[PDB]
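Novice: The structure follows.
No lab work stands behind these numbers, since they all come straight from the coordinates. Methodologically, a virtual Cβ is constructed for each residue, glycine included, from the backbone with ideal geometry; neighbour enumeration extends over all protein chains shown.
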There are 6 protein chains.
Amino acid sequence: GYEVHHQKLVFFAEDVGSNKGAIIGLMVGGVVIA
Amino acid sequence: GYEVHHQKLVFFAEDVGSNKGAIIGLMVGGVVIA
Amino acid sequence: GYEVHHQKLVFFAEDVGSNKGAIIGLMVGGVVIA
Amino acid sequence: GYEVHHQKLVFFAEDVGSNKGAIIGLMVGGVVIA
Amino acid sequence: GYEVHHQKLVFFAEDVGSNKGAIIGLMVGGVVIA
Amino acid sequence: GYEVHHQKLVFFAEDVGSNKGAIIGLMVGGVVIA
């Protein structure tokens, strides 16, 4: 037998207030200018 | 037997207030200017 | 038998206030200018 | 000044012959059984 | 001045022949059974 | 001045033949059974 359960993954877990820039969770390739 | 269940993934888990920039969850290729 | 459960992974666990730059969780390749 | 150019990203760069399983480039969430 | 150019990223750079399992480039969350 | 160029990143650089299991480049969270 195998049981796999209740795995949890979270990028941002609280409030993201008044951003004037760039917030990104997961970026693959690509360019950010801030 | 195999059971797989209750996996959870979350990019932003709380409030996103008053953004004046760029919020992005997952970006593949692509350019951001902020 | 094997049981695997309740693994937890978190990039940012508290508030992200007043960003004027770049916040990124996971970046693969890619260029950031701040 | 800033110039950003000629970035290249490639998942599979050569031939993919006689697949009898699952080939996937980028998978977000989701379950694969092979 | 800043110039950024000719960055290259490659998951699989040669032939992928006769797969009977799972080939995946980038997997975020998610379960694979092979 | 700053010049940044010709960075190269490669997960698999040669042939991937006769897989009967799981080949993955980059895995974030998630469960693999092979």
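Novice: Under unit Cβ charges (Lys, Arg +1; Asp, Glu -1), what dipole magnitude, rounded to 20 debye, does the protein assembly as shown have relative to its Cα centre?
Specialist: The dipole magnitude comes to about 140 debye.
Novice: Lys pairs in the protein assembly as shown, Cα-Cα under 21 Å, at least 8 apart or on separate chains: how many?
Specialist: 12
Novice: Compute the distance in nm between two label points, each set 7 Å from the Cα along the Cα-to-Cβ direction, one at B:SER18 and one at C:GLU3.
Specialist: With each label point 7 Å from Cα toward Cβ, the separation is 4.7 nm.
Novice: Please report F:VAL16, E:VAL32 as a ranked list, fewest other C-beta atoms within 10 angstrom at the top and most at the bottom. Numbers along the way, then the final one.
Specialist: Numbers: F:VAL16 19, E:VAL32 26.
In order of increasing Cβ crowding within 10 Å: F:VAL16, E:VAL32.
Novice: Distance between Cα centroids, chain C to segment D:3-34: provide it in whole Å.
Specialist: The two parts, judged by their Cα centres, are 23 Å apart.
Novice: Further question: Could you run the Karplus curve 6.51 cos²θ - 1.76 cosθ + 1.60 with θ = phi - 60° over segment D:7-13 and give me ³J(HN,Hα) per residue in whole Hz, x for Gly and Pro?
Specialist: My calculation for segment D:7-13 gives 7, 9, 10, 9, 6, 10, 9 Hz in order.
Novice: Now for a different question. Could you tell me which of rounded, prolate or oblate describes the protein assembly as shown, using a ≥ b ≥ c as the square roots of the eigenvalues of the alpha-carbon gyration tensor, with rounded for a/c under 1.5 and, failing that, prolate when a/b is larger than b/c and oblate otherwise?
Specialist: oblate
Novice: Counting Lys +1, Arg +1, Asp -1, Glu -1, what net charge surrounds E:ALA34 among other residues with beta carbon under 11 Å of its beta carbon?
Specialist: Values: positive: E:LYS20, F:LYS20; negative: none.
In short, +2.
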